[PDB]
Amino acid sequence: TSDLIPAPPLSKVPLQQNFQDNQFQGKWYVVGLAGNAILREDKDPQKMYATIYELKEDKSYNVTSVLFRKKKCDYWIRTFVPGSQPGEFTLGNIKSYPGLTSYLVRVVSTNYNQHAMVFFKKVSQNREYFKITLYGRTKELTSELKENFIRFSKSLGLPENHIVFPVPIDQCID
């Protein structure tokens, strides 16, 4: 048994105009995280993690995420394959992820050198999950970019308790 806020229609999710795949590369901090499986946990607050985007020769991304868990750095690797339009991706080698039938990435907005908002949607065990990440080139962003991210998350049907601001750390992500 699982009850989820429904994924929004893709029509409610803007695409960054004239996306530049080369400028999106490098390290992003996860400064904000919202979604239908994200819950605030005042007990054990979510620690910031980082995601590195590297363009391969075929223009897919190697996407490496690093998080600090159980006193160690945990790495996870994804391939993002260019999809229907610049700034949209599907997941490479979906067969290797048990239960995963669908995975979509849309870059909603970025200025490449400070911030980005990225929409993800997937179907895993026939359940439809979506999330939005607010990416920072640094571990802090303005109140203005954070409130913009809260506004965008709420427009997609998420309440406040499905919106978190991971806490800055130094381990693994520097």
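Don't overthink the numbering: it's just position in the shown sequence, from 1.
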Between 22-30 and 53-61, which has the larger average Cα B-factor in the PDB entry?
-> 53-61
Selection from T138, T142, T133, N36 [criterion: highest C-alpha temperature factor in the record] = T142
Record-listed C-alpha B factor of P159: chain third | highest
Taking the values exactly as deposited, rank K70 by C-alpha B-factor within its chain and report the matching third: lowest, middle or highest.
-> highest
Split the chain's modelled residues into thirds by Cα B-factor; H115 lands in the lowest
Once the chain's modelled residues are ordered by C-alpha B factor and cut into thirds, is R40 in the lowest, middle or highest one?
-> highest
So where's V81 on the chain's Cα temperature factor ranking, which third?
-> highest
